[PDB]
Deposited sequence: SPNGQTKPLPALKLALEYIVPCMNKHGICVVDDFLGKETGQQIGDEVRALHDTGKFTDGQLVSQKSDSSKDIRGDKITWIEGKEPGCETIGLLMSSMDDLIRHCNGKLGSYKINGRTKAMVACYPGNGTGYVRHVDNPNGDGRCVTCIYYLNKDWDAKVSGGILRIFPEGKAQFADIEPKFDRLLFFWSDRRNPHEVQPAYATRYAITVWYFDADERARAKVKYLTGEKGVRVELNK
């Protein structure tokens, strides 16, 4: 699908009504794997962090991250993922809420190591830091959450219920970054890779430059 069709027939009507959207088979199996390769090559070559400190001798650590600009050697299909997320957002064109989305972060590549850690419930942006849309791309080939866990559970707020989102291969996830969408990753018992880019609201981002 061209970014424009997906954006206007799906992303926008979905985001404005539910505030969470899932695009399956986003880039297709060939490109999907290429990203998998590049992400694994980052892991294998020691670029990831530490890991999130879950339990504070031999402590327990969680998701490792790396920021990727997209032009790095060995990171080109990720760069290309990013450009294609950017195309989607641009073809929304101030149709996402009242938002004027003028920029974004580098890409946070995440590796959950499969040691039963998840990510405690959280709000990507609680204090008004600029971030208004969270875009996540999952690269997990033949993921079974019944066996490996790692489901992402969102608590869209003002709602009795949650939405469980499996970190399926070639899945792309959009959701409002603020207090409307509290979420968590359930414990992952297998390596779980994801890539996140956050989109900035012009105004909120513009005010945050002085406050932080």
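In sequence order, the gaps in C-alpha coverage of the deposited chain fall at 1 to 8, 65 to 68, 225 to 237.
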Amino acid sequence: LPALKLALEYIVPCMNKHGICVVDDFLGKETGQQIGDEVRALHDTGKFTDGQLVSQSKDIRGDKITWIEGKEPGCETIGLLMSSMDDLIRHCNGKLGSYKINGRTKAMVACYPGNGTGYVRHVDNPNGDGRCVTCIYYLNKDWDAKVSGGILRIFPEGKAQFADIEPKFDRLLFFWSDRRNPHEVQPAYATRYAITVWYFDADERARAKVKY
From here on, numbers count along this sequence of modelled residues.
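Between two forms, the rigid core is defined as the largest C-alpha subset superposing within 1.5 Å.
Core superposition of the other structures onto this form places the C-alphas of 160 to 168 farther off in 5 other deposited structures of this protein than those of the other stretch among 160 to 168 and 32 to 40. Larger root-mean-square CA separation from the shown form, computed after a rigid core fit of the structures in 5 other deposited structures of this protein, is seen for 62 to 70 when 62 to 70 is set against 175 to 183. Higher mean CA temperature factor, per the PDB entry, when comparing 98 to 106 with 124 to 132: 98 to 106. The mean Cα B-factor in the deposited entry runs higher for 150 to 158 than for the other of 175 to 183 and 150 to 158. Sort the chain's modelled residues by C-alpha temperature factor and residue 89 lands in the middle third, per the entry.
Among the modelled residues of its chain, residue 31 has a C-alpha B-factor that falls in the highest third according to the deposited record. Annotation for residue 14: C-alpha temperature factor in the highest third relative to the rest of the modelled chain, per the entry. In the PDB entry, a CA B factor belonging to the middle third of its chain's modelled residues is recorded for residue 62.
Among the modelled residues of the chain, residue 79 sits in the middle third by CA temperature factor in this PDB entry.
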